[PDB]
Every structure is written in structure tokens, then in C-alpha cells.
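One chain comes next, on its own, written out as C-alpha cells in the form deposited in one PDB entry.
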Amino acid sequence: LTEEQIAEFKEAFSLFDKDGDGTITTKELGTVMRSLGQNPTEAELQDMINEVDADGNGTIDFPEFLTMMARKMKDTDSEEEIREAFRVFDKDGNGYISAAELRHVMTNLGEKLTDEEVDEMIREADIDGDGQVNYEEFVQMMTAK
């Protein structure tokens, strides 16, 4: 939204628009992606351009780049908030919330649950059935429908 945000987003855009013509080609995108230690396929590059290319003209302009960037920033903010909450649940940092971690967290907060109840909570959220709650499960359990 801000003139300041748009200047910052114009700054990011320029790194992609290697020749300064106001558009990003699949090539340019590739150059940038390689310079970041990535080797995307030609098909991956086209997909990424296709996903941003609102007008379908084959390249991405700054207006299209602003739309994409403003969404990516809302997504990232959201991922960083859910993630900081997952790190709090996951005491020993192994990437999984256990029944004992969940119980301890509710209890330090105040709300005491039994092992029975905590096990039910883990089972509800444990999509892949590994007895624990990974990040993807934790995000889904905040959503479900």
C-alpha cells in the first residue's frame, strides 16, 4: 500500500529486470534463481512466470509483481507467526509436538488436561499417524474447515 513499500518493491523488481525494460522474462527469473543457489528447470520457470502473469502476455510487469509481492508478504507474515507458535509448543525442538509437550504447554498456561485428553488432541491433529504433530499438521489443525 505505502509509497515507501512500493519503492522497496520496485527495488526488488529491478534485481529481476536485468535489462531495465520494465518486464521480467522467464530467462531473467532463471538468472536470479541461479544467483540464489537454485537450478530450476525451464518448465519450473514458465510455471512461476505463468502464476504471476495476470495479463498472459508472457512476462511480468511491476503492477503484476506488486500483486504477487503484497500476497507473498501477507503469507510470509502468517507463516512466521504460526511458526513462532510451533517452536513454543515443541520444547525439545525435534520438529514434532508430542503429547507431553502439548500437556506441559496447556498446564504452564493454566488449563490442565489428562493424558487421555491430550492423546485425543494429538490423534485429531496427527494426519500421517506418526503419533505426533508436525508443522504441516499444526497449520492444518488451525484451519480444518
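Heads up: residue numbers just count along the shown sequence, starting at 1.
Legend entry - Residue range whose averaged C-alpha B-factor is higher in the record, 107 to 115 or 42 to 50: For C-alpha atoms only, the mean B-factor is higher in 107 to 115.
Legend entry - 58 to 66 set against 87 to 95, stretch whose average Cα temperature factor tops the other in the entry: Per the PDB record, 87 to 95.
Legend entry - Residue selected from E101, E28, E120, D77 by maximal Cα B factor: Out of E101, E28, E120, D77, the record gives the largest C-alpha B-factor to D77.
Legend entry - Ranked C-alpha temperature factor of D19 among modelled chain residues, by third: It falls in the bottom third of the chain.
Below: the form deposited in another entry, not depicted.
Inset, instruction - Given that two rigid parts of the chain turn against each other between the shown form and the other one, choose the hinge position from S78, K91, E51, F65. - result: From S78, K91, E51, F65, the hinge pick is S78.
Inset, instruction - Given a change of 3 Å or more, say if the Cα atoms of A7 and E80 sit closer or farther in that other deposited form than in this form. - result: Result: closer.
Legend entry - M73 and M33, C-alpha gap in that other deposited form relative to this structure (3 Å or more): It is farther: in that other deposited form, the C-alpha atoms of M33 and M73 lie at least 3 Å more apart than they do here.
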